[PDB]
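Every residue, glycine as well, gets a Cβ built from its backbone with ideal geometry; the counts of neighbours run over all protein chains shown. Values in this text are rule-based calculations from the coordinates and carry no lab data.
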Amino acid sequence: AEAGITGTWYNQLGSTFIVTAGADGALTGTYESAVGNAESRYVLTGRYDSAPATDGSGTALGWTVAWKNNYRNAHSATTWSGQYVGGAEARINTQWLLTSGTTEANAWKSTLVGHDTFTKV
Amino acid sequence: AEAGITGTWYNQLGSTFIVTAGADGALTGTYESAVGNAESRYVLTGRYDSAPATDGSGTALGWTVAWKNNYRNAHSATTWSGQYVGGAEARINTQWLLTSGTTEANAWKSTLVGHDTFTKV
Amino acid sequence: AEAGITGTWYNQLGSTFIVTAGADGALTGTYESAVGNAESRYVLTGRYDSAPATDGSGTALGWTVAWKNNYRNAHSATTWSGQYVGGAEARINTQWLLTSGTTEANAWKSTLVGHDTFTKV
Amino acid sequence: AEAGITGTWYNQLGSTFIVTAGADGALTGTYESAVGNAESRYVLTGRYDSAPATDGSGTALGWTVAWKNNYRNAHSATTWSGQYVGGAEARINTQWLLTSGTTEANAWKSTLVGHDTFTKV
Amino acid sequence: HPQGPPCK
Amino acid sequence: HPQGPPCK
Amino acid sequence: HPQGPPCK
Amino acid sequence: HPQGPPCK
């Protein structure tokens, strides 16, 4: 984990996320939306289990991205919860929740759910 | 938001979370499990929409807690995705994902889903 | 369960659902959207654990509603997964998934997640 | 849809589900757990949008399985919410919720969330 | 959407 | 689990 | 659980 | 939305 987590990860939609896993569980980095142009970067912050494992389990982690930067404000935030599996073909398998700020009448429809698999390739 | 978010929040299970919302979207604080004894504190980090709103919408936010500190290592992490509604009775309504690190055979059952409503009282 | 489940249930949004729990696990009934006018009814079908319990556990159940009838076609379906707790104040606590049919480019945003608590009052 | 849905579907875990999509939205069939031995079959019931589409959208559907039959009673139920995409390589992409009946103290951890992709091959 | 609250 | 209610 | 993969 | 695929 940690050293294995630090780096660039790509998902099946063309998004790129670059993160540094700190010694004590911190996750810091940026998320880049497709196209890959400057203004597609958002800050991400999260945490991971720095002491995961005699039975080959994955490392639990999660991070959040608020979709606001100096070019866009999508008035929403997404959190990814999942685990890191290292090895020849390491991957981070996640499920995410994307919540948009709504008025109280639309609160019932404010959150979408999905899943993403990130690889180093 | 921001000033309205900073403070102590309590949920319907007896958990307490204290956070500081930074000027540029950062969320930093600690989560305390019930009982309220020292060793029940974990670090939390997240992000929120610092520029939410002419139609009374809530402020989207999310944060993560890895369940490891110097007394416990539950080999899991939880992410909360939701929105902050301020006013007389402010609240943060969330849905969460709790993922435990598992072996690949148990990966299909690694994530639980729930919802929490936090109030200042 | 079964006899305790059969009846009318109401949720915090003003929706009404009337169901019959069959001896062998079947759940059949109709869901009515707010207002309560004729054209607000949709068919629901589901299943429940007909043999739940020496430790006061709830009864797991789930049902589906496709949002199409002879007045409306919202091109979506919702499934509710939860458990029935009987007694003085019986309730069905659920989490739901609402998926809309989308083109492949919007598939990533096709499902919303929420929770509902139904009571007999 | 309907004719395209009727048949046998397999997921990435080795489970098989056989369903009949009725003219008016009904979904009826059986779910078989891996191994493929008799006692691995459970009844499934659901609904789908019988009138989905001039823009190639998928067909929304959902179904429920209560994990009880004459050999096993896992005191739980799962609901799958998703959409059917037909064509050369048809598939049903879903997200599911699995709820177990718990005592009230464990209700917060009663539901797991996942996703499944079913193909005809 | 039919699953929502009254719109009122 | 630390995210739960009191166990009491 | 019956919804899982083979256990094998 | 910035979390989506390319729109292309």
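Please order B:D49, B:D55 by the number of other Cβ within 10 Å, starting at the fewest.
Listed from fewest to most nearby Cβ atoms, that is B:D55, B:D49.
Straight-line reach from A:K68: which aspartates and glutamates fall under 16 Å, measuring Cα to Cα and dropping same-chain residues less than 8 apart?
Excluding near neighbours in sequence, the set is A:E32, A:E39, B:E2, B:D24, B:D49.
Between A:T6 and D:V35, what is the FRET efficiency for a Förster distance of 35 Å, r being their Cβ-Cβ separation, to the nearest 0.05?
0.30
Using Cβ contacts closer than 10 Å as the measure, can you line up A:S40, D:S81 from fewest to most?
The order, fewest Cβ neighbours first, is A:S40, D:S81.
Anything over 21 Å Cα to Cα? Flag those among C:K109/H:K8; A:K109/B:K109; B:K109/G:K8; B:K109/D:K109; B:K120/C:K109, in the order listed. Please report the intermediate quantities before stating the final value.
Numbers: C:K109/H:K8 16 Å; A:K109/B:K109 26 Å; B:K109/G:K8 16 Å; B:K109/D:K109 12 Å; B:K120/C:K109 32 Å.
Where the Cα-Cα span goes over 21 Å, the pairs concerned are A:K109/B:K109; B:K120/C:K109.
Return the long-range amide H neighbours of B:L44 (sequence gap of 5 or more, or a different chain), with a cut-off of under 5 Å between placed amide H atoms.
Counting only residues 5 or more places away or on other chains, the set is B:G29, B:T30, B:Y31.
If we hang a label 7 Å off Cα along the beta carbon direction at D:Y10, how far is it from the matching labels on the other copies, in nm, shortest first?
When each copy's label point is compared with this one, the spacings are 3.0, 5.0, 5.5 nm.
Between C:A23 and the same site in the other copies, what are the distances in nm, shortest first, taking label points 7 Å from Cα along the C-beta direction?
3.0, 6.9, 7.3
I'd like the Karplus ³J(HN,Hα) series for region A:5-12: coefficients 6.51, -1.76, 1.60, θ = phi - 60°, whole numbers in Hz, and an x wherever there's a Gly or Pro.
Coupling constants for region A:5-12: 7, 3, x, 9, 10, 10, 10, 5 Hz.
Starting from the Kirkwood radius over alpha-carbon pairs of the protein assembly as shown, derive D by Stokes-Einstein at 10 °C in a medium of 1.306 mPa s and give it in µm² s⁻¹.
Here the translational diffusion coefficient equals 68 µm²/s.
Rounded to the nearest 0.05, what FRET efficiency do A:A51 and C:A88 give with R0 = 56 Å and r taken as the Cβ-Cβ distance? Could you check?
Details: r = 46 Å, r/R0 = 0.82.
Efficiency, from the Cβ-Cβ distance: 0.75.
Points 7 angstrom from Cα along the Cβ direction at B:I18 and C:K109: gap in nanometres?
In this crude spin-label approximation the distance works out to 4.0 nm.
Stokes-Einstein D for chain C at 10 °C, 1.306 mPa s, Kirkwood Rh over Cα pairs, in µm²/s?
105
List, in order, the whole-Hz ³J(HN,Hα) value for each residue of region D:63-76 obtained from phi through the Karplus relation with A = 6.51, B = -1.76, C = 1.60 and θ = phi - 60°; use x for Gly and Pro.
Each residue's phi maps through the Karplus curve to give 7, 10, 9, 9, 7, 9, 8, 8, 9, 9, 9, 8, 6, 7 Hz.
Hey, got the average number of other protein chain Cβ atoms within 10 angstrom for residues in D:27-39?
2
Around A:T64, what is the net charge, scoring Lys/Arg as +1 and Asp/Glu as -1 over all other residues with Cβ under 11 Å from its Cβ?
Combined, the nearby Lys, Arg, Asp and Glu give +2.
If I take the rotation axis that carries chain B onto chain A, which residue of chain B has the nearest beta-carbon, and at how many angstrom?
For the rotation taking chain B to chain A, the closest Cβ gives B:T79, 2.
What is the local net charge at E:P6, summed over the other residues whose Cβ is closer than 14 Å to its Cβ (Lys, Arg +1; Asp, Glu -1)?
Neighbourhood net charge equals -1.
How do A:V19, B:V65, A:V113 rank when sorted from fewest to most other Cβ atoms within 10 Å of their own Cβ?
Ascending Cβ contact count within 10 Å gives the list A:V19, A:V113, B:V65.
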